[PDB]
Visitor: 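Have a look at this one before I ask anything.
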Amino acid sequence: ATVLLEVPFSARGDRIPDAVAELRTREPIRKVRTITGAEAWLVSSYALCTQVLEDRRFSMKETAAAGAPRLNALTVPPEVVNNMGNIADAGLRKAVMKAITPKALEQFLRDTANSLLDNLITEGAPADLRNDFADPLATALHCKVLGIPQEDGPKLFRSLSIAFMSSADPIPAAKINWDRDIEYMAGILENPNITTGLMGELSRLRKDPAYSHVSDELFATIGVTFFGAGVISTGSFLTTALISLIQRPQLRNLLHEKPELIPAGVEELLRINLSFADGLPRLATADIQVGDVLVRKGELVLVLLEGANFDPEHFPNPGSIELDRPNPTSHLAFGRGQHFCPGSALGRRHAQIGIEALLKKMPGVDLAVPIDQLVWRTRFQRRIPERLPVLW
Ligand code: HEM
């Protein structure tokens with residue numbers, strides 16, 4: 001006798017488990033047990049993953065309902081799961097988008113990357129590319145985008161190792177750090193020195209008559225959530241993309257020699273990325289046929305991003321980085337449908353400029369320890385190594 005198949009399969013972000021291609025072939029939608037003990041449907045083909053993400057009857061907001069089967073415990077108030085919907089309803093969507101584009105900024109990214117790298121070179125090998133390069137780069141970018149002081153970035157950043165946990169039970173430290181971070185953002189909206197970036201724009205709109213009935217809670221929430229999601233997602237993706245690049249010295253050499261090819265290489269590094277640790281969660285609001293399974297109202301569905309993005313029926317020779325594919329941006333790294341990532345262009349540009357600056361300064365970058373010695377963070381919403389030691 002064996003127990004029901006458990007998720008997630010492995011916290012390692014340097015290799016995809018053989019089980020993924022086995023499931024996809026034999027049972028592309030199948031029952032599994034989450035860390036809470038709840039049952040869920042795990043979806044692993046490109047076709048079925050797209051079907052779920054494009055049908056709003058599979059609901060993000062209803063995952064917060066009391067009594068529902070859960071992937072993991074909430075780390076935010078339940079109304080905050082419907083964050084984008086709340087922004088839209090307030091008439092703030094277009095203003096938020098415009099403030100988080102990369103086209104405002106790029107020269108600030110380049111100068112910041114180059115300064116971080118020069119400091120590593122001065123100190124001498126080994127260097128830690130996560131704690132002393134990718135995560136500070138992400139932190140600095142989001143303080144500039146929000147319009148807040150660079151010197152505030154480190155304390156906001158320290159909440160994230162707990163805020164983005166994937167836990168079976170509620171986490172007391174997440175509420176302590178949330179309430180404090182909300183009080184900070186509320187203080188920013190009342191600070192007359194803050195007149196640029198996303199928080200500068202929200203601070204103006206707050207006093208305009210067309211927004212007089214929008215709550216002060218929502219304005220502070222937008223600042224905490226966009227800082228947190230953008231900094232964890234960009235820092236974690238750049239770190240694990242740098243591992244994928246270092247393990248491919250022929251590609252590293254080619255991008256060094258021809259940096260025009262960096263945007264096509266970053267699109268492939270997004271396609272093969274293992275940064276999301278769990279499937280994307282949805283709750284069925286109706287009975288809906290998905291492949292051979294009739295999913296019932298009230299059941300939990302998990303959309304496995306690497307199931308879609310390594311599917312050979314959609315991307316032939318899926319484990320290989322190919323810079324001349326006919327369908328290069330059709331991957332699901334930023335999601336699909338109603339909830340498609342609002343920061344996609346800013347995330348692409350963070351990774352392009354970081355990689356471009358690294359290869360120019362350190363063309364002989366390599367790991368300084370055997371790859372099996374990297375320590376993979378567990379029970380977390382991302383897969384990341386705790387330290388990334390390199391030489392050059
Ligand atoms: C390479 C970097 C990034 C990746 C891989 C990424 C990935 C994703 C994914 C897969 C989703 C969909 C979640 C779902 O449907 O359940 C998403 C949504 C979201 N992302 Fe990103 N993201 C990145 C960068 C950013 C940045 C830079 C920001 C903001 C500054 C951001 C803010 C958000 C927000 C607020 C949502 C929720 C949208 C909603 O609920 O409608 N992300 N991201």
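What's counted below: heavy atoms across the whole structure, side chains too, no hydrogens, waters or symmetry copies. Start at 1 with the first residue, then count along the sequence. One-based numbering, in listed order, for ligands and for the atoms of each.
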Visitor: I'd like to check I243 versus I371 (side-chain heavy atoms, cut-off strictly below 4.5 Å). Are they in contact?
Guide: yes
Visitor: Is ligand 1 less than 4.0 angstrom away from at least one heavy atom of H142?
Guide: yes
Visitor: With a 4.0 Å cut-off on heavy atoms, is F276 touching ligand 1?
Guide: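 A heavy atom of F276 does come that close to ligand 1.
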Visitor: Within a strict 4.5 Å, meaning less than it, do heavy atoms of the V7 and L42 side chains meet?
Guide: yes
Visitor: Can a donor-acceptor pair be found between the side chains of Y46 and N309 at a distance below 3.5 Å?
Guide: no
Visitor: Just heavy atoms, cut-off under 4.0 Å: does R348 contact ligand 1 by side chain, backbone, both, or neither?
Guide: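 Neither part.
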Visitor: Which pairs with one or both residues in residues 326-336 pass salt bridge (charged side-chain N to carboxylate O under 4.0 Å, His left out), sequence neighbours excluded?
Guide: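 Matches after skipping sequence neighbours: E54-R336.
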Visitor: Could you check which of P281, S233, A229, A241 puts a non-hydrogen atom nearest to atom 32 (C) of ligand 1?
Guide: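 Going through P281, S233, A229, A241 one by one, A229 has the nearest heavy atom to atom 32 (C) of ligand 1.
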Visitor: Between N273 and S275, does any side-chain donor sit less than 3.5 Å from a side-chain acceptor?
Guide: yes
Visitor: Measure from atom 25 (C) of ligand 1 to every heavy atom in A88, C341, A99, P102 and give the option owning the shortest one.
Guide: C341
Visitor: Do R57 and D55 meet the salt-bridge criterion of a basic N to acidic O distance under 4.0 Å?
Guide: yes
Visitor: Counting from 1, what ligand 1 atoms have a heavy atom of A333 closer than 4.0 Å?
Guide: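 In order of numbering, the contacting atoms are 5 (C), 7 (C), 10 (C).
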Visitor: Once you restrict to heavy atoms under 4.0 Å, what part of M60 touches ligand 1? Side chain, backbone, both or neither.
Guide: side chain
Visitor: Is there any N or O on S275 that sits under 3.5 Å from an N or O of ligand 1?
Guide: no
Visitor: State whether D372 and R12 are salt-bridged, where the test is any N-O pair (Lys NZ or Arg NE/NH1/NH2 against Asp/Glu carboxylate O) under 4.0 Å.
Guide: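 Looking at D372 and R12, the cut-off is met.
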Visitor: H339 to ligand 1: N or O pair under 3.5 Å?
Guide: yes
Visitor: Among protein heavy atoms, which lies nearest atom 39 (C) of ligand 1, and at what distance?
Guide: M84 CG, 3.3 Å
Visitor: Short list, please: which atoms of ligand 1 are under 4.0 Å from a heavy atom of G335?
Guide: 10 (C)
Visitor: Which option wins on minimum heavy-atom distance to atom 28 (C) of ligand 1: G85, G228, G230?
Guide: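 It is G230 that holds the nearest heavy atom.
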